[PDB]
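Q: Sharing a structure with you now.
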Amino acid sequence: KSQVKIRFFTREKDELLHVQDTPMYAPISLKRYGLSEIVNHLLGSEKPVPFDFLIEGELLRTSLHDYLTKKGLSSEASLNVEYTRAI
């Protein structure tokens with residue numbers, strides 16, 4: 001119940017901001033800051049880039065947990081998580 005499967009993608013044109021399609025598990029407690037830590041690690045960022053995250057176009061304003069609860073989904077859901085340079 002503590003983890004949820006996520007896959008990252010971006011519409012950013014900058015190739016250096018592109019991560020692989022690969023799925024991974026994330027704690028449901030994570031919010032924008034934790035998720036940005038994951039993406040910047042995957043990118044091997046020199047200096048960390050501030051990211052915002054969207055799920056099916058809705059800005060992620062709190063935790064993955066809160067999103068799942070709002071949508072009536074269990075953490076057995078697989079989430080398609082968009083990232084963008086911070087708004």
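The way I read the labels, and the way they are meant: chains A, B, ... in the order of the structure tokens, residue 1 as the first residue of every chain, and ligand 1 as the first ligand shown, with later ones counted on from there.
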If you count only C-alpha atoms, which residues fall within 12 Å of residue A:61, apart from same-chain ones fewer than 4 positions away, as a PDB file with N, CA and C atoms, in the first residue's frame?
A:
```pdb
ATOM      1  N   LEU A  30       5.421  10.822  -1.862  1.00  0.00           N
ATOM      2  CA  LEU A  30       6.252  11.787  -2.582  1.00  0.00           C
ATOM      3  C   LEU A  30       5.405  12.883  -3.215  1.00  0.00           C
ATOM      4  N   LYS A  31       5.969  14.089  -3.244  1.00  0.00           N
ATOM      5  CA  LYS A  31       5.371  15.243  -3.895  1.00  0.00           C
ATOM      6  C   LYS A  31       6.358  15.761  -4.933  1.00  0.00           C
ATOM      7  N   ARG A  32       6.166  16.997  -5.371  1.00  0.00           N
ATOM      8  CA  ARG A  32       6.985  17.563  -6.439  1.00  0.00           C
ATOM      9  C   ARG A  32       8.502  17.528  -6.154  1.00  0.00           C
ATOM     10  N   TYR A  33       8.893  17.808  -4.916  1.00  0.00           N
ATOM     11  CA  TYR A  33      10.318  17.868  -4.573  1.00  0.00           C
ATOM     12  C   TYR A  33      10.998  16.501  -4.641  1.00  0.00           C
ATOM     13  N   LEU A  35       9.869  13.894  -6.325  1.00  0.00           N
ATOM     14  CA  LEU A  35       9.844  13.447  -7.706  1.00  0.00           C
ATOM     15  C   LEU A  35      10.919  14.147  -8.544  1.00  0.00           C
ATOM     16  N   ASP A  52       8.038  20.588 -12.415  1.00  0.00           N
ATOM     17  CA  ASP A  52       6.668  20.340 -12.013  1.00  0.00           C
ATOM     18  C   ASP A  52       6.151  19.054 -12.683  1.00  0.00           C
ATOM     19  N   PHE A  53       5.103  18.479 -12.104  1.00  0.00           N
ATOM     20  CA  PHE A  53       4.589  17.187 -12.554  1.00  0.00           C
ATOM     21  C   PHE A  53       3.088  17.240 -12.790  1.00  0.00           C
ATOM     22  N   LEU A  54       2.645  16.542 -13.827  1.00  0.00           N
ATOM     23  CA  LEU A  54       1.235  16.465 -14.158  1.00  0.00           C
ATOM     24  C   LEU A  54       0.843  15.020 -14.379  1.00  0.00           C
ATOM     25  N   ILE A  55      -0.381  14.678 -14.007  1.00  0.00           N
ATOM     26  CA  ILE A  55      -0.910  13.351 -14.318  1.00  0.00           C
ATOM     27  C   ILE A  55      -2.201  13.543 -15.092  1.00  0.00           C
ATOM     28  N   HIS A  65      -0.185   9.900  -3.118  1.00  0.00           N
ATOM     29  CA  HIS A  65      -1.276   9.411  -2.269  1.00  0.00           C
ATOM     30  C   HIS A  65      -2.574  10.217  -2.399  1.00  0.00           C
ATOM     31  N   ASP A  66      -2.468  11.535  -2.257  1.00  0.00           N
ATOM     32  CA  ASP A  66      -3.632  12.413  -2.380  1.00  0.00           C
ATOM     33  C   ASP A  66      -4.267  12.345  -3.764  1.00  0.00           C
ATOM     34  N   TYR A  67      -3.443  12.224  -4.802  1.00  0.00           N
ATOM     35  CA  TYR A  67      -3.968  12.103  -6.161  1.00  0.00           C
ATOM     36  C   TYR A  67      -4.771  10.806  -6.300  1.00  0.00           C
ATOM     37  N   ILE A  87       6.713  25.503 -13.462  1.00  0.00           N
ATOM     38  CA  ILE A  87       5.794  26.526 -13.963  1.00  0.00           C
ATOM     39  C   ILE A  87       6.207  27.916 -13.492  1.00  0.00           C
TER      40      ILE A  87
END
```
Q: Apply DSSP to the structure's backbone, then extract all residues of chain A labelled strand (DSSP E) and return them as a PyMOL selection string.
A: chain A and resi 3-10+24-27+51-55+58-59+78-85
Q: Taking only C-alpha atoms into account, name the residue in A:51, A:71, A:85, A:25 that is nearest to residue A:37.
A: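 For residue A:37, the nearest of the given residues is A:51.
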Q: Taking only chain A into account, list the residues labelled alpha helix (DSSP H) by DSSP (computed from the backbone), as a list in words.
A: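 Everything in chain A that counts as alpha helix (DSSP H) is residues 32, 33, 34, 35, 36, 37, 38, 39, 40, 41, 42, 43, 64, 65, 66, 67, 68, 69, 70 and 71 of chain A.
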Q: Put those residues in a file: C-alpha atoms, as a short mmCIF file (atom, residue, chain, number, x, y, z; two decimals), in the first residue's frame.
A:
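Dumped everything to selection13.cif:
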```
data_model
loop_
_atom_site.label_atom_id
_atom_site.label_comp_id
_atom_site.auth_asym_id
_atom_site.auth_seq_id
_atom_site.Cartn_x
_atom_site.Cartn_y
_atom_site.Cartn_z
CA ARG A 32 6.99 17.56 -6.44
CA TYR A 33 10.32 17.87 -4.57
CA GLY A 34 10.88 14.13 -4.13
CA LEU A 35 9.84 13.45 -7.71
CA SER A 36 12.21 16.14 -9.00
CA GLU A 37 14.99 14.40 -7.04
CA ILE A 38 14.23 11.15 -8.91
CA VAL A 39 14.11 12.77 -12.35
CA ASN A 40 17.33 14.75 -11.82
CA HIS A 41 19.07 11.55 -10.71
CA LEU A 42 17.95 9.75 -13.87
CA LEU A 43 19.19 12.73 -15.91
CA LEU A 64 0.84 10.79 -5.13
CA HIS A 65 -1.28 9.41 -2.27
CA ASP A 66 -3.63 12.41 -2.38
CA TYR A 67 -3.97 12.10 -6.16
CA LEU A 68 -4.85 8.40 -5.96
CA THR A 69 -7.41 9.04 -3.23
CA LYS A 70 -9.06 11.89 -5.18
CA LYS A 71 -9.43 9.71 -8.28
#
```
Q: Please compute the atom CA of residue A:22-atom CA of residue A:77 distance, one decimal, in Å.
A: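 So the two atoms, atom CA of residue A:22 and atom CA of residue A:77, lie 15.7 Å apart.
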Q: Can you list, as a PDB file with N, CA and C atoms, in the first residue's frame, every protein, DNA or RNA residue that comes within 12 Å of residue A:13 when you count only C-alpha atoms, leaving out same-chain residues fewer than 4 positions away?
A:
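Below is the file out_6.pdb, written as the result:
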```pdb
ATOM      1  N   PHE A   9       7.450  10.850 -18.377  1.00  0.00           N
ATOM      2  CA  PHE A   9       7.647  11.334 -19.739  1.00  0.00           C
ATOM      3  C   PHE A   9       7.597  12.859 -19.731  1.00  0.00           C
ATOM      4  N   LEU A  17      16.925  16.739 -21.155  1.00  0.00           N
ATOM      5  CA  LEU A  17      15.910  16.642 -20.102  1.00  0.00           C
ATOM      6  C   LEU A  17      15.093  15.363 -20.220  1.00  0.00           C
ATOM      7  N   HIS A  18      15.493  14.492 -21.136  1.00  0.00           N
ATOM      8  CA  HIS A  18      14.743  13.274 -21.426  1.00  0.00           C
ATOM      9  C   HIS A  18      15.249  12.054 -20.653  1.00  0.00           C
ATOM     10  N   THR A  84       7.677  18.703 -16.426  1.00  0.00           N
ATOM     11  CA  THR A  84       7.964  19.905 -17.195  1.00  0.00           C
ATOM     12  C   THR A  84       8.858  20.774 -16.336  1.00  0.00           C
ATOM     13  N   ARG A  85       9.673  21.615 -16.970  1.00  0.00           N
ATOM     14  CA  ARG A  85      10.394  22.636 -16.229  1.00  0.00           C
ATOM     15  C   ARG A  85       9.371  23.398 -15.413  1.00  0.00           C
TER      16      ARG A  85
END
```
Q: Compile the contact shell of residue A:7 as a compact mmCIF listing (two decimals) with N, CA, C and O atoms, in the first residue's frame: residues with an atom at most 9 Å away, counting only C-alpha atoms, same-chain residues fewer than 5 positions apart removed.
A:
```
# COMPACT_ATOMS: atom_id res chain seq x y z
N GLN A 20 14.49 7.78 -19.63
CA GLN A 20 13.98 6.56 -20.26
C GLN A 20 12.53 6.28 -19.89
O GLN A 20 12.01 6.80 -18.91
N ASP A 21 11.89 5.43 -20.70
CA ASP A 21 10.47 5.09 -20.57
C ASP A 21 10.19 4.14 -19.40
O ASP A 21 9.03 3.89 -19.06
N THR A 22 11.26 3.65 -18.79
CA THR A 22 11.19 2.56 -17.82
C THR A 22 10.33 2.86 -16.59
O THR A 22 10.42 3.93 -16.00
N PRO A 23 9.49 1.89 -16.19
CA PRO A 23 8.68 2.07 -14.97
C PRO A 23 9.51 1.88 -13.70
O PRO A 23 10.53 1.20 -13.73
N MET A 24 9.05 2.46 -12.60
CA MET A 24 9.70 2.32 -11.31
C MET A 24 8.67 2.48 -10.21
O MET A 24 7.59 3.00 -10.45
N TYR A 25 9.01 2.04 -9.00
CA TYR A 25 8.12 2.23 -7.86
C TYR A 25 8.51 3.47 -7.07
O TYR A 25 9.69 3.73 -6.84
N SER A 78 -1.06 2.01 -12.16
CA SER A 78 0.17 2.44 -12.81
C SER A 78 -0.03 3.86 -13.32
O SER A 78 -0.95 4.11 -14.12
N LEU A 79 0.80 4.79 -12.85
CA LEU A 79 0.65 6.21 -13.19
C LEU A 79 1.60 6.67 -14.29
O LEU A 79 2.81 6.45 -14.22
N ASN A 80 1.04 7.32 -15.30
CA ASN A 80 1.79 8.02 -16.34
C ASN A 80 2.06 9.47 -15.88
O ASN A 80 1.15 10.30 -15.87
N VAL A 81 3.29 9.77 -15.48
CA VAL A 81 3.57 11.07 -14.85
C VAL A 81 4.39 11.97 -15.76
O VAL A 81 5.56 11.69 -16.04
N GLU A 82 3.77 13.05 -16.20
CA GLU A 82 4.44 14.04 -17.03
C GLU A 82 5.28 14.98 -16.18
O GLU A 82 4.85 15.35 -15.09
```
